[PDB]
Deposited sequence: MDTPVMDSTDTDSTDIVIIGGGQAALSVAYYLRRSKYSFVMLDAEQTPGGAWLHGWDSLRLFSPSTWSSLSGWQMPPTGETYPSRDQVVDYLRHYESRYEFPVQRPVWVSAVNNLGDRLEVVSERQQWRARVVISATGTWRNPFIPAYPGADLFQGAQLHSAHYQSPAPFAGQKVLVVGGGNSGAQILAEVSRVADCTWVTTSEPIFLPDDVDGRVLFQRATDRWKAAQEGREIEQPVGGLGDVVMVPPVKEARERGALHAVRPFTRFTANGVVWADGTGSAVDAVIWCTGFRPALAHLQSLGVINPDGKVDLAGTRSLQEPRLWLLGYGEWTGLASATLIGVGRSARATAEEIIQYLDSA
């Protein structure tokens, strides 16, 4: 029976925890992973961030520099691990929160073995656990291998395969870049993908949304190398799957052994279905981070819908600070 339950223990949770720990109110953080790390523990082997440590730091404690390379997955995990420990956050892991229940004057946060009664709940569960794969005509038929980027690890199993990498943006480009080295790939995208200039990192992502808060594909090394191997040519979605291929709009067929779906993610709010707050679009209605339908619930770190850049290391701090503030207001009054 604590004041604030933070569901999830990734960078967003950590961020809001940084801003609450000095306050009066109790909190616990529940996270589904074995160790610290958030979704980063499930990045592919070669995954690196698209901006340096300085543009990939949570509030307070900057990510330690990395030597001549954008931060690696393990390095991000490390930093979250150390960050969590540095500020001595009380995180219970592994814990799967199945539901958040309105018991009247407390919310109940429920897992298999334990429940927590709370005055406030912050849902910071990210997106990784809710990957999106669009349904195409023929999916029933397609015998070949299918793997969402969430679960992409290494290009080895795709060695020699006819592979479709599906979905634009950074994951598709980074995965294509890697898998095109060992397999014959086609990048399928809904729109012609748009690249940043070679000399700017994903900082420009943060910065664009700082301009918008004052009111596109990063050319990371592998992706740059893939341009040089003439492998970033994208095409438009196919019309349907066949048993071992796809048919494109022009009526032609192609063989496909494997599709890597880099089609992104939805907010992983399963644990909020019990609250009735999940809107038709699979999100929650918010003002800022705050649930309109349930104002003791805050949602943090999910995407543009919870705050410009909130689903980034550098960016999640604005809305995390503001969430902490609004929550401290709520609980004072």
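The deposited sequence has C-alpha coordinates everywhere except the stretches 1-12, 228-242, 361.
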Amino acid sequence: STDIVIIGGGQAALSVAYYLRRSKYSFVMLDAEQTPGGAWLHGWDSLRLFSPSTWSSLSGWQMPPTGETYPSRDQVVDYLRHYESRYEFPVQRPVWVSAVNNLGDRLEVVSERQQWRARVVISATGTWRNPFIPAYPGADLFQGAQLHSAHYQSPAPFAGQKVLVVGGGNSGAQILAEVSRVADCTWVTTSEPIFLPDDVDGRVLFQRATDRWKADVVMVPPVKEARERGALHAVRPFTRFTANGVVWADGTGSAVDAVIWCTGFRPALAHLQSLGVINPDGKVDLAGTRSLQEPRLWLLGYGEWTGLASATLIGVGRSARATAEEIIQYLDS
From here on, numbers count along this sequence of modelled residues.
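Taking the PDB entry as given, 204-212 carries the higher mean Cα B factor of the two stretches 109-117 and 204-212. Remark: stretch with higher mean C-alpha B factor among 176-184 and 227-235 is 227-235. The maximum CA B-factor among the listed residues 55, 265, 27, 298, taken from the PDB record, is found at 27.
Note on 245, 193, 126, 160: the highest value goes to 193, judged by CA B factor as recorded. Among the modelled residues of its chain, residue 65 has a C-alpha B-factor that falls in the highest third according to the deposited record. Per-chain ranking of the deposited C-alpha B factor places residue 132 in the lowest third.
Residue-level temperature factors show residue 96 in the lowest third of its chain, judged at the C-alpha atom. Among all modelled residues in its chain, residue 31 ranks in the lowest third by Cα B-factor. Ranked by C-alpha B-factor against the other modelled residues of its chain, residue 156 falls in the middle third.
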